[PDB]
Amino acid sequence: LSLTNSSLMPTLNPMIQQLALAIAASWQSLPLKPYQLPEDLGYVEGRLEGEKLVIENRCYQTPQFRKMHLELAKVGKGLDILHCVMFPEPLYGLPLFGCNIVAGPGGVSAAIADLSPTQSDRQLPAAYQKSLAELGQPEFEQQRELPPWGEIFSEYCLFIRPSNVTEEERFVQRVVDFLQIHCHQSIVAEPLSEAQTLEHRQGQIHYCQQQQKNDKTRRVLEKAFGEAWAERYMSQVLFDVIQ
């Protein structure tokens, strides 16, 4: 988890480096246990007719978080990617923390982060709404509109092309704030009823089914590994549907 053993870290975009470190720092003192990904995946690389894709995976769990997945990736020399989801244990009804940063030699092209709902009413729990509203509306110059499958994201979702260093840092600090709120709520969360647990499970299943519609992610995987490998990776590794 220190990321000192990461082969990719030294070479990734600096915003991706700071976010990876912030996430790792948020997790470091938790009652972590390993989470074995399919085939006990760690590092993986592939190439077909174009550029190589290299991926590093770290994954944990705690009693509140079913699966805590931090992934770093690079395609050839251009394209750097950070992907992170904290999948909640439905028993506790926490939202889904998620982040995706994509960067090229021209800087960060996409920075996305959210705490996504799992309630059937599509709202975050009241304590989250309150804490998030207190952060205030962050100003970013270059907002990006979510695709239709993006209905899963909350009203606090960030999706921008950072314009400059000030904005990169403002985005990273907002992610730190989201992680601080989320880790705090995890300690105050009580186990829920069977009907509420079920309702939260359904929201997490929906979230994964929608995230699988991301053709931008799927194309990157397909270009290095092929269609069948990409379908397995998106459905079993990135956005597994619980059951």
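Counting begins at 1, following the sequence as shown.
Taking the mean of the C-alpha B-factors per stretch from the entry, tell me the winner out of 136 to 144 and 68 to 76. Comparing averages over the C-alpha atoms only gives 136 to 144.
Selected stretch [higher average CA B-factor]: 88 to 96 or 122 to 130: The stretch with the larger mean CA B-factor is 122 to 130.
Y35 CA temperature factor, ranked by third within the chain: For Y35, the deposited C-alpha B-factor lands in the highest third.
Ranked against its chain, the third holding the CA B-factor of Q211: Its C-alpha B-factor, which the entry lists for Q211, ranks in the lowest third among residues of this chain.
Third of the chain, ranked by Cα B-factor, where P14 sits: Middle third of the chain for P14's C-alpha B-factor.
Relative C-alpha B-factor of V188, binned into the chain's lowest, middle or highest third: Within its chain, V188 is a highest-third residue by C-alpha B-factor, going by the deposited values.
Give the position of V175 by CA B-factor within its chain, expressed as the lowest, middle or highest third. For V175, whose C-alpha B-factor we compare with every modelled residue in the chain, the answer is the middle third.
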